[PDB]
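Asks: Structure incoming, see below.
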Amino acid sequence: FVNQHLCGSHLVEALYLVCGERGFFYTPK
Amino acid sequence: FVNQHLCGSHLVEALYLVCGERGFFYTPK
Amino acid sequence: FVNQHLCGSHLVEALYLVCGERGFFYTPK
Amino acid sequence: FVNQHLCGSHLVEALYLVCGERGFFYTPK
Amino acid sequence: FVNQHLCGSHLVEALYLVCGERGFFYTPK
Amino acid sequence: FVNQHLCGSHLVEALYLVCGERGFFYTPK
Amino acid sequence: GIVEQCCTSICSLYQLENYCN
Amino acid sequence: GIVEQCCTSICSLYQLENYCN
Amino acid sequence: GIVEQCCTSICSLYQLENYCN
Amino acid sequence: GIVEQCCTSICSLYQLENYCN
Amino acid sequence: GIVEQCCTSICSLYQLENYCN
Amino acid sequence: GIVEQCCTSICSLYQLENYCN
Ligand SMILES: *C(=O)CCCCCCCCCCCCC
Ligand SMILES: *C(=O)CCCCCCCCCCCCC
Ligand SMILES: *C(=O)CCCCCCCCCCCCC
Ligand SMILES: *C(=O)CCCCCCCCCCC[C@H](*)C
Ligand SMILES: *C(=O)CCCCCCCCCCC[C@H](*)C
Ligand SMILES: *C(=O)CCCCCCCCCCC[C@H](*)C
Ligand SMILES: [Cl-]
Ligand SMILES: [Cl-]
Ligand SMILES: [Zn+2]
Ligand SMILES: [Zn+2]
């Protein structure tokens with residue numbers, strides 16, 4: 001599905017800004 | 001370094017497309 | 001229409017990464 | 001050069017908005 | 001609501017390109 | 001300076017997420 | 001405003017320029 | 001998870017911080 | 001075309017590569 | 001300005017808040 | 001090319017139009 | 001790390017796969 005993929009693209013960008021030096025793991029559904 | 005921060009934002013968006021359903025980990029430090 | 005325009009924005013970014021040095025032509029509907 | 005690659009990602013997104021329904025071509029080489 | 005937030009993300013990027021040196025004020029609903 | 005222009009595009013997207021419903025102002029000059 | 005107009009229809013560069021300072 | 005929560009409602013910075021390492 | 005195929009289903013890297021020059 | 005302060009050095013999330021409305 | 005002209009100096013919105021179809 | 005390997009030189013699509021889960 002496309003719109004969930006689009007939301008995920010902005011999601012990882014938000015996580016990159018918020019997490020910073022700590023980093024993050026991104027796991028989709 | 002701001003240039004390092006800008007590069008990381010493109011790395012996470014590249015990982016999101018490349019990995020797909022697998023997901024990815026971003027760990028600078 | 002807006003949501004198709006939004007999907008196209010992420011589409012050309014994906015094409016830029018995948019195509020690389022070959023380049024691409026983007027033509028909307 | 002990574003800085004060249006980062007710049008190209010902003011060029012394609014700029015072309016997508018500027019050209020609109022016309023579309024665009026991205027040819028670095 | 002999510003999809004309006006997603007459209008706003010591409011909206012401010014478009015405003016940054018179009019406005020240039022003049023700048024802009026972004027105020028959501 | 002192109003590098004300044006590229007940095008500003010990441011500044012506006014950072015402000016959009018950070019400020020939220022408050023909104024933001026981008027004024028380089 | 002800008003969300004109402006440009007998130008329901010595709011705004012051209014001239015329409016986007018209206019919200020500039 | 002993160003898609004279920006933050007793609008149905010707007011997640012604030014604190015909510016996004018929950019998924020950090 | 002590319003909008004019809006890849007904005008209704010998630011296109012993989014190989015599918016996206018089809019539209020390259 | 002935001003360019004002279006956040007593009008020469010990395011601005012934290014709190015520093016970016018100084019340019020919110 | 002667009003890289004040699006728009007990545008070494010800032011290209012205006014009109015200059016980017018030269019690479020539209 | 002990914003920063004020391006992909007921000008100093010361009011990482012191909014296959015090299016980015018090394019950091020997938
Ligand atoms: C308007 O032009 C803003 C005035 C201050 C601009 C400072 C830009 C400094 C040049 C960039 C240095 C870093 C390049 C990687
Ligand atoms: C294909 O490789 C394009 C040929 C011209 C490339 C010019 C790149 C110049 C190097 C970047 C200089 C600016 C770095 C901040
Ligand atoms: C955490 O700080 C990562 C450790 C390695 C960082 C390397 C950054 C090198 C400086 C940037 C050089 C290129 C600038 C255009
Ligand atoms: C992946 O298979 C997605 C799994 C979660 C289901 C998402 C869709 C749920 C119903 C949404 C309907 C709205 C779009 C027609
Ligand atoms: C440009 O005119 C778009 C042409 C393709 C039609 C897109 C819409 C098809 C029906 C989708 C309905 C879902 C949104 C209400
Ligand atoms: C913030 O509260 C949004 C206020 C504007 C209302 C947006 C939704 C209007 C109806 C859209 C329905 C389509 C999605 C189910
Ligand atoms: Cl950049
Ligand atoms: Cl979107
Ligand atoms: Zn960038
Ligand atoms: Zn989007």
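We name chains A, B, ... following the order of the structure tokens; residues begin at 1 in each chain, and ligands are numbered from 1 as shown.
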Within 9 Å of ligand 6, counting only C-alpha atoms and all ligand atoms, which protein or nucleic acid residues do you find, written as a ChimeraX atom specification?
Replies: /E:1,3-4,29 /G:4
Asks: Compile the residues of chain B that lie within 10 Å of chain D, evaluated using only C-alpha atoms, and express the compilation as a ChimeraX atom specification.
Replies: /B:3,6-7,9-11
Asks: What parts of chain B does DSSP call alpha helix (DSSP H)? I'd like the answer as number ranges by chain.
Replies: B: 2-19
Asks: Could you please tell me, as a PyMOL selection string, which residues of chain G have an atom within 12 Å of chain D when using only C-alpha atoms?
Replies: chain G and resi 10-14+16
